[PDB]
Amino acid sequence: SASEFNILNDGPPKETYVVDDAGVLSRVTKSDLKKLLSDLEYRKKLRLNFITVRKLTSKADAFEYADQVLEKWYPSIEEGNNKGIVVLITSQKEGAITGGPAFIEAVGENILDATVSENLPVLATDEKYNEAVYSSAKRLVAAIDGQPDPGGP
């Protein structure tokens, strides 16, 4: 699909932290994401990007595609070490999260697995894409900052 290709092709958003290809997020929430994530990057030197896509032309799943984006956008560990990539496939109500070792290590498997099995699928099923993405961003940030886990929906 032009979507699957564009997302890969266009590379990472170095000004915004979001590629809303499915167009399911409001400009206000995208502004709030940029603020939250630009602050995370300033403080912890971790660059977390969110990607929304309606459907994947290929048969690959969310995690497979997330990994494909990580490797294409950041083709070396020097570039990808502190990078995190969250994918949300809106039609499937499925999410995935991948990243470099430093990013993965900072979040922890507990929160990584919880965000993808709770916040993302649950909120998107209820058509709350803005909350799905922003609550996930908040939950991952809390894990990174060693703060109390806000929990899922």
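The first residue of the shown sequence is 1; numbering continues from there.
Chemist: Mind pulling up the entry and telling me whether 56-64 or 108-116 has the higher mean Cα temperature factor?
Modeler: Comparing 56-64 with 108-116, the higher mean C-alpha B-factor belongs to 56-64.
Chemist: Among 86, 70, 122, 46, which residue carries the highest C-alpha B-factor recorded in the PDB entry?
Modeler: By C-alpha B-factor in the record, 122 ranks first.
Chemist: Which third of the chain holds residue 29 when residues are ordered by C-alpha B factor: lowest, middle or highest?
Modeler: For residue 29, whose C-alpha B-factor we compare with every modelled residue in the chain, the answer is the middle third.
Chemist: So where's residue 145 on the chain's Cα temperature factor ranking, which third?
Modeler: According to the entry, residue 145 has a C-alpha B-factor in the chain's highest third.
Chemist: Place residue 16 in the lowest, middle or highest third of its chain's C-alpha B-factors, as listed in the PDB entry.
Modeler: Ranked within chain, residue 16 CA B lands in the highest tercile.
Chemist: Is the Cα B-factor recorded for residue 90 in the lowest, middle or highest third of its chain?
Modeler: Residue 90: CA B-factor falls in the middle third of its chain.
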